[PDB]
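Asks: Chains as they are written, first to last, in the deposited numbering: chain F, 16 to 204; chain T, 2 to 145; chain S, 3 to 132; chain P, 15 to 134; chain Z, 42 to 113; chain u, 392 to 405; chain Q, 8 to 129. For each residue, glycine too, the CB sits at the ideal point set by N, CA and C. Structure incoming, see below.
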Amino acid sequence: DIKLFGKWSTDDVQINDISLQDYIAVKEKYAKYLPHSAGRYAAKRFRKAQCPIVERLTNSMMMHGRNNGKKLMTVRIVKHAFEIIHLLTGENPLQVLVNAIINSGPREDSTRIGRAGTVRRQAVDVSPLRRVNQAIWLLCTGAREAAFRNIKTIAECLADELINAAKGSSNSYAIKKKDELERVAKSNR
Amino acid sequence: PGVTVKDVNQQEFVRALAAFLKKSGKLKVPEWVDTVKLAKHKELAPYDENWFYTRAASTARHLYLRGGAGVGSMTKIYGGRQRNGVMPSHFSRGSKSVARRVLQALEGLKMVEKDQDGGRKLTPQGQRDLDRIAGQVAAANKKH
Amino acid sequence: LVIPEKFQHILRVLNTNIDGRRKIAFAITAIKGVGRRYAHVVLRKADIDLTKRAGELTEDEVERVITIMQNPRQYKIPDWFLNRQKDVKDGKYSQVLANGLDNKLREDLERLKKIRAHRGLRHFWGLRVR
Amino acid sequence: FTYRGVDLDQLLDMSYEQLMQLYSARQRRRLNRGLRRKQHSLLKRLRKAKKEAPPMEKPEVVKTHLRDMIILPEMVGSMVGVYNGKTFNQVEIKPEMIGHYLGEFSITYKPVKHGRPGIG
Amino acid sequence: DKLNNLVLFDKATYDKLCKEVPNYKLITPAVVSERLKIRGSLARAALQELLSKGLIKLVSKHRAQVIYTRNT
Amino acid sequence: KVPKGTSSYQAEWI
Amino acid sequence: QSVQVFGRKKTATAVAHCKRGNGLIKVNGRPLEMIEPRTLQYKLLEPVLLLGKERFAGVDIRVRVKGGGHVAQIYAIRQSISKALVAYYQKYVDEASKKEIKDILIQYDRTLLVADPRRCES
RNA sequence: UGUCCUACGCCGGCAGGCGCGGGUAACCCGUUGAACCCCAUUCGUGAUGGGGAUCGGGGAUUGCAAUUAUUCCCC
């Protein structure tokens, strides 16, 4: 059976959210040995949803400038994070990954509607693919912000942010950013 | 018992060849081991006190892998980034005299011989020692 | 490792404070006149292992490495690592030390003044030399 | 006074070949490359100026444009006027400047005193 | 404020090292450097010391992250 | 104060 | 009795020489597991690990590899290995078996058979 | 890319010298033996060994001439 790095199962995962079920594609056919693929996913519209979500997480955390080309390094960081998530929580790392992505994704966004000069924003609904993208982006941004100047390690930082986002506590950067975004979206109307 | 060097993990093979240079004992060791740099592109001295036999192991194994190589060729192989200061960094070769006396001390033990072509390559005794040590590393890797 | 009972937290060498919790090479580097390279060479010639810490040292090792760093030529340190190769006055291969650096730059500045060269006058005005 | 462990009288009496190790690398390279005719005439003018002088009085200045010179030990006590492109300056050659050029004894540019700026 | 880390062990530090360490599930050099304010080199050296004692299992070793797990 | 022989171009430096 | 195919990726080309052998996959005189990018060593083993150990018992593949970098290099080597297996089971083995392994390979990753057509634009 | 591009050896910490060969060029440089990247060591969140300027000494090339640092090398 296909195992992530030859160790991680992919049949035990369950998707809580119906909205993100069709775009979080890791379950049966999309399970790969390595997150690295070097296959095209931005060639045409909606093709990046077919891409495994571990590859999305890999491609989204080397985004910062001085590490903008290193991808084997990135999947090594993802490996260390997944190991320490297993030895911390005990569950499968893909399950808690799916939970963090589901609970970190925003549901309503404020958007400028009108003209230049009217700063009054209107709250609009959120696409599920954009919800997945923003969840991964916020997780990666929290991983950066927790690992700037400390002994605390970047893979360990991604693990801590992922666990904090999945259990829903107000300690992940994604959770607090999503909560303030939701409350301002409610306040806009 | 048919094994070869390329079927042996390279870093452990270099380490074991350095250990063989220990328990062999004889090699022409310079009095400047504890003062010298190792390339003009490098900033500090090598951290390991016993770098000379490790570098000799790397030189011998690269000579086995590809022959017809001179001192300048090994100097080019051991190059890397010259941090040019605030200036943009470039590529720089290694130290000429260090690799030259490594080659001279390595042929001083009758492992390496001079080519008529102009280059320099390995003795049959050298390849016998190399695939013997490759045999020991293979035995210590496939059984551990 | 273990708890060293004879630990010197702050050292005083050549009228200079040394942080004893730092590594021996970089604690010796911390004083003026010697960097990491000459510290590594003087430590390799002093037969002292690099791993152990500055406060985790005995007094004989400290005084003997001071003795090595005082007179490099007698202890087989070759004549290209030295700070001043050929002095104007006596031309002696010697290390310069912390207060020695201040005094030697002061007298170099003074001789550049009294010669009235371009470099001395540029230092007098206080502008860029190179 | 003592230069590189050697006093002035020995340096004046020191022969021509062994100054090629008692100088800096730039001066040793320049002396290896060889001196040309103009400063050879300058050096002979220095000799004629130093012998044709009263013992108590200072020898007369010789004016020159050559700032390419390295200073030899024969030139101590000499009264040399050096051009900087506009005017000559009067320099007495002390013996502690022996490892220098004449070009640093005539600065070709004035120091900058910044005034109040105009419409920039 | 600056963070003060002791480079060498104390008696209370050694007591917390020999006893309070192997019930922390995850073991990194970073967490040992963080919880009781010691330098990372000292925490690492104590970590291979406890490994050579045979008291803590190793999960993986690398240049950046080296992860261990408490016994049984 | 000015030295004996120096020119005004160099006396501006002093 | 033997076939010679190639695998291209950007600039890197790896020529696979496939012969009825004794179950050895040799890449430039080195086996698959002892290629340097050990972080990306699973991609080189994906045909071998995914397709099983079973009918690779009598296949000797010698891969002579030139050009490219490291990632494009190992991708070219793995695509050459897959194409060598497809070509050998097309030529000397029945049609349905090679159709089956092609179906499995395309079902896993499309680049295992066809090369990436995009390259460095001037 | 090349009649200044360099192969090889020796003397060399080191820029570089010395004796020798090829190339007016898919041939010799040159399987152009690159660098990030990878794999092991040490450093461990502080103006730190990060970052390297600005200065002080020597050495070697380039050039009729390097002084107003040409350039590079060693502390």
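What is the residue span of the alpha helix (DSSP H) that residue 2 (chain S) lies within?
Replies: Because chain S in this structure spans residues 3 to 132, residue 2 (chain S) falls outside the shown range and cannot be described.
Asks: Answer with buried or exposed for residue 157 (chain F), where buried requires no fewer than 16 other C-beta atoms within 10 angstroms of its C-beta.
Replies: Label assigned to residue 157 (chain F): buried.
Asks: Please classify residue 27 (chain S): does DSSP put it in a helix, a strand, or coil?
Replies: Three-state result, residue 27 (chain S): helix.
Asks: Specify, as a first and last residue, the run of the alpha helix (DSSP H) that residue 80 (chain Q) falls within.
Replies: 78-98 is the extent of the alpha helix (DSSP H) around residue 80 (chain Q).
Asks: Chain u partners of residue 104 (chain P), CB-CB under 9 Å?
Replies: Per Cβ cutoff of 9 Å: 394, 395, 396, 397 and 398.
Asks: Scan the segment 22-98 of chain P and note each continuous alpha helix (DSSP H) run of 4 residues or more that stays entirely inside, going in chain order.
Replies: List check, alpha helix (DSSP H) in window: 22-27, 39-47 and 51-65.
Asks: Who are the neighbours of residue 16 (chain P) on chain S, taking C-beta pairs under 8 Å?
Replies: Chain S residues near residue 16 (chain P): 91 and 92.
Asks: Anything in chain S within Cβ reach of residue 125 (chain P), meaning under 7 Å, just list it in chain order.
Replies: Per Cβ cutoff of 7 Å: 127.
Asks: Is there a Cβ from chain Z that is less than 8 Å from the Cβ of residue 170 (chain F)?
Replies: Answer yes: the Cβ-Cβ gap between residue 170 (chain F) and chain Z drops below 8 Å somewhere.
Asks: Using only alpha-carbon positions, find the residue among F:67, F:116 and F:52 that is nearest to residue 83 (chain Q).
Replies: The candidate whose alpha carbon is nearest that of residue 83 (chain Q) is F:52.
Asks: May I ask you to report which of helix, strand or coil DSSP gives residue 47 (chain Z)?
Replies: Here residue 47 (chain Z) sits in strand by DSSP.
Asks: What are the boundary residues of the beta strand (DSSP E) that residue 108 (chain Z) is part of?
Replies: Residue 108 (chain Z) -> beta strand (DSSP E) spans 108-110.
Asks: How far does the beta strand (DSSP E) with residue 122 (chain T) in it extend, from its first residue to its last?
Replies: Residues 121-123.
Asks: Applying a beta-carbon distance threshold of less than 8 Å, which residues of chain S neighbour residue 86 (chain Z)?
Replies: The answer, in chain order, is 3.
Asks: Can you give me the Cβ contacts of residue 35 (chain Q) inside the same chain, cut-off strictly under 7 Å, excluding the 5 residues immediately before and after it?
Replies: For residue 35 (chain Q), where only same-chain residues beyond five positions count, the Cβ hits under 7 Å are 70, 71 and 72.
Asks: Evaluate residue 31 (chain Q) with the Cβ neighbour count: other Cβ atoms within 10 Å of its Cβ, from every protein chain shown; 16 or more gives buried, anything less gives exposed.
Replies: Classification for residue 31 (chain Q): exposed.
Asks: Going by the beta-carbon positions, is the gap between residue 83 (chain F) and residue 181 (chain F) smaller than 8 Å?
Replies: Cβ atoms of residue 83 (chain F) and residue 181 (chain F): not closer than 8 Å.
Asks: By the criterion of Cβ-Cβ separation under 9 Å, what are the contact partners of residue 19 (chain P) in chain S?
Replies: Result: 89, 91, 92, 93 and 94.
Asks: Quick one: residues in its chain with C-beta nearer than 8 Å to the C-beta of residue 111 (chain Q), no 5 flanking neighbours on either side, listed in chain order?
Replies: The answer, listed in chain order, is 57 and 58.
Asks: Is residue 36 (chain Q) close to chain T? Criterion is C-beta to C-beta, closer than 8 Å.
Replies: Yes, residue 36 (chain Q) lies at the interface with chain T (some Cβ there is under 8 Å from its Cβ).
Asks: Do the segment 93-104 of chain F and the segment 170-186 of chain F meet, that is, are 3 or more Cβ pairs less than 8 Å apart?
Replies: Contact holds: three or more Cβ-Cβ distances are below 8 Å.
Asks: Taking 8 Å as the limit between beta carbons, can you name the residues of its chain near residue 64 (chain P), skipping five residues before and five after?
Replies: Correct list, in chain order: 73, 91 and 92.
Asks: Taking the beta strand (DSSP E) that residue 51 (chain Q) falls in, what are its first and last residues?
Replies: No beta strand (DSSP E) contains residue 51 (chain Q), which is instead part of the alpha helix (DSSP H) from 48-58.
Asks: Using a Cβ-Cβ distance under 8 Å, would residue 120 (chain P) count as near chain u?
Replies: With 8 Å as the cut-off, residue 120 (chain P) counts as an interface residue toward chain u.
Asks: Could you compute how far the alpha carbon of residue 86 (chain Z) sits from the alpha carbon of residue 99 (chain S)?
Replies: Distance between the alpha carbons of residue 86 (chain Z) and residue 99 (chain S): 35 Å.
Asks: Given a limit of 7 Å on CB to CB distance, which residues of the segment 52-68 of chain F reach chain Q?
Replies: Per Cβ criterion, the list reads 53 and 54.
Asks: To the nearest angstrom, how far is the alpha carbon of residue 64 (chain S) from that of residue 20 (chain S)?
Replies: Going from the Cα of residue 64 (chain S) to the Cα of residue 20 (chain S) covers about 12 Å.
Asks: Quick check on the DSSP output: what are the complete beta strand (DSSP E) runs of length 3 or more inside the segment 134-183 of chain F, in order along the chain?
Replies: If we require 3 residues or more, the beta strand (DSSP E) runs fully inside the segment 134-183 of chain F come out as 136-140.
Asks: Under three-state DSSP, which class holds residue 106 (chain Q)?
Replies: Here residue 106 (chain Q) sits in helix by DSSP.
Asks: By how many angstroms is the C-alpha of residue 82 (chain Z) removed from the C-alpha of residue 7 (chain T)?
Replies: So the two alpha carbons sit approximately 36 Å from each other.
Asks: To which residues of the same chain is residue 138 (chain F) closer than 8 Å at the C-beta, ignoring the five residues directly before and after it?
Replies: Counting only Cβ-Cβ distances below 8 Å, and skipping sequence neighbours, we find 123, 124, 125, 126, 200, 201, 203 and 204.
Asks: Of all the residues that make up the segment 16-36 of chain F, which are near chain Q by a beta-carbon distance shorter than 9 Å?
Replies: From the segment 16-36 of chain F, only 17, 20 and 21 have a Cβ closer than 9 Å to chain Q.
Asks: Can residue 82 (chain T) and residue 42 (chain T) be called in contact, C-beta distance under 8 Å?
Replies: Yes; because the gap between Cβ atoms is below 8 Å, this pair is in contact.
Asks: For residue 56 (chain S), does the three-state DSSP call read helix, strand or coil?
Replies: Correct three-state label for residue 56 (chain S): coil.
Asks: Of all the residues that make up the segment 35-49 of chain S, which are near chain T by a beta-carbon distance shorter than 8 Å?
Replies: Under the 8 Å Cβ criterion, the segment 35-49 of chain S contributes 38, 39, 42, 43, 46 and 47.
Asks: Is the CB-CB distance between residue 144 (chain S) and residue 26 (chain S) below 8 Å?
Replies: The requested residue 144 (chain S) is not part of the displayed model; chain S covers only 3 to 132.
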